[PDB]
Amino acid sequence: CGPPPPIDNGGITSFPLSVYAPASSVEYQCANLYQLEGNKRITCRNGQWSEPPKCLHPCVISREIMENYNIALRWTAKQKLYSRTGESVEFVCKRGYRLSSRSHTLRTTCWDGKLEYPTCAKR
C-alpha cells in the first residue's frame, strides 16, 4: 500500500507517508459542516486500500437566491445560512405571497449540497 487516496473536502487525520503495506489504518475527517459518509477508517491489506469515506456537502442559503423565489428564512438569520446534510430549513413566503400550486412545503431538507427552494406566487 502506497499513499492513501485523497477525498474531496476532507483529509487524513495524520501526517501522510509513502510506505504503508500492510495492516496499517488511516483515518479521514471532513471540512467544517461537511458530513462524513462511510467508515472513517481505511485499512491496508494485500497492497490495495479499502474504499475511503466521502464528504457529503452542506447547503448555503442566500437571500440572493431566495429573492428569485419570493421566499425568506423563518428564523431570520440573515441573508446567509449554512445547513448541514440532513438538516431541514424553514422558509416563509415574503409579505404578499402565497405557497404556490406546484410547491408542497415551506420546509425542505438539504442533501449533499442540494436543497429545494419552495416557490411563492403572490396574491
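Start at 1 with the first residue shown and count on from there.
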Between 37 to 45 and 86 to 94, the record assigns the higher mean Cα B factor to 37 to 45
Avg C-alpha B-factor, entry values, 96 to 104 vs 111 to 119, higher side is 96 to 104
Per the deposited entry, the peak Cα B-factor within the set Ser62, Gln29, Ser50, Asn68 goes to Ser50
Chain thirds by Cα B factor, record data; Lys78 belongs to the highest
By the entry's values, the third containing the CA B factor of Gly11 is the middle
